[PDB]
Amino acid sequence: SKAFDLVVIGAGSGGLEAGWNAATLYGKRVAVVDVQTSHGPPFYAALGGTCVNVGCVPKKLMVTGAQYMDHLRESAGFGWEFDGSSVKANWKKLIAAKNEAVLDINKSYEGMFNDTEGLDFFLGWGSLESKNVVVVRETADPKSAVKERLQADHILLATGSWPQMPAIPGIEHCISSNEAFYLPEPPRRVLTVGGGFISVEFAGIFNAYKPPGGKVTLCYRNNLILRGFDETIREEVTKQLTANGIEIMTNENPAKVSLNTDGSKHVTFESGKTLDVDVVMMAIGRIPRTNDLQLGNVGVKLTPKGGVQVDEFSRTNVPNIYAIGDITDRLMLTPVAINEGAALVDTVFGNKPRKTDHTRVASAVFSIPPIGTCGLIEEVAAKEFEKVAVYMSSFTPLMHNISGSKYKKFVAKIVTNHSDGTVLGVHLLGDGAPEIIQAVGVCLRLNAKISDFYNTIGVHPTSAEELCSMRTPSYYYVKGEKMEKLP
């Protein structure tokens, strides 16, 4: 039995930021619990969190790998010649390189714990025994053997989220992104289920690494993928994914999955349509990971949606117990979880309360081609402001007229409060969009106006300079209604 200022359940993005800051900045005594010291089966996430182990870090590596299918083809337009029939994509090599990079990060976090005063790692499953006692056990079963009892002045819940699996017959024959990271072979035919960024990103990954004769299908239960993103970009990325060979089935939803005699999967949709694939990857959502924590022992209140309820300072209803990151079911992004954890520790252990700003958070989708975005989409702005202007620029860049990928239109949109020119949102589709958007996130914190963008001198030639060339709105929303001219 051991005594700590702060015990963190979950060695993830937010949990490690909070623990390291509490220990090194404020000299506190910190314990951090996670169920696994390195990535992969059986529990997938591990020391470092979901992003490090089965998330942003490995998927970005795999999307980078998938982009070479485009680079090799497009090199031809610039004079590069080689034997195209000799090209093959070695998925096993990709997975091995990704595994080595992730494991290196796991080991680095191990040394961090070993090297840092007041920062201790405990392996196992943490749950709430009492208001000031975290118990660590051998498995997720609350009856498994106690390994540690950690008394804590402060408890931080930071267990992240988990893939949501729909309650359909045969759901057990589907995988999630967790298993996709470790497939022994690239699937020849795969269905990715869902319209969100994980489904879209993995569609592009599988599309590049598929063996000859392969086919990637993405299905989504409503009419247009990537809800919550700019509508122009949702339509365009649909078009550009299709142009690269991915089939988009909208208004379709699996009703059941069954096993074929050859090991493949027979999917039946609610519409009656059927599809045989080697892999069905469910990517319909991620839900807060709250079940193993025994929040009923202490009475931590959940929201109707299942997140741990928190105030703006990450405090639960139970004094001394806090929650940050995906478990609060708000913005499920690693930099947000990090920011929340740092704000929390500054509030609790320093003399300055700090709350995370969840507006104007820049983010990206590493689709091929990718999305970068920060701030409000125009239909959300139109409900908040009487007068909204949308500035739009959309064209295929010169290099893709030469590369032969003429379908790769770059889209740049700026959404303003037309009453005073304030930029409310910026939405980008095309090569470089995640890099372009970062400093736009800084601009939105300086209450940048559209005229601040267009009076800035461009860097030429770039895609980004499009953001500084838009003077005249393409159209407007007045009292919520879209119109080409002001009334």
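Under this definition, the rigid core comprises the largest set of C-alpha atoms superposing within 1.5 Å between the forms. So that there is no doubt, residue numbering starts at 1 and follows the sequence shown.
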Query raised in the report: Which of these two stretches, 258-266 or 151-159, has the larger RMS Cα offset in 8 other deposited structures of this protein when the rigid core is kept aligned?
Result: 258-266
Requested in this report: Taking the root mean square of C-alpha distances over all structures and residues in 8 other deposited structures of this protein, with a rigid core superposition, name the larger of 324-332 and 348-356.
Outcome: 348-356
Query raised in the report: Out of 57-65 and 32-40, which stretch has the higher average CA B-factor listed in the record?
Result: 32-40
Query - Residue range whose averaged C-alpha B-factor is higher in the record, 345-353 or 210-218 - result: 345-353
Report summary line: Per the deposited entry, the peak Cα B-factor within the set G272, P142, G204, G194 goes to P142
Report task. Name the residue from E384, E179, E231, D326 with the greatest C-alpha temperature factor listed in the entry. Result -> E384
Report task. Select lowest, middle or highest to describe the third in which the CA B-factor of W125 falls within its chain in this entry. Result -> highest
Query raised in the report: By the record's CA B-factor, is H358 among the lowest, middle or highest third of residues in the chain?
Result: middle
Requested in this report: Tell me, lowest, middle or highest third: where does the Cα B factor of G48 rank within its chain?
Outcome: middle
Report summary line: By the entry's values, the third containing the CA B factor of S419 is the highest
**Report entry** Chain third (lowest, middle, highest) by recorded CA B-factor, residue given as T396
**Finding:** middle
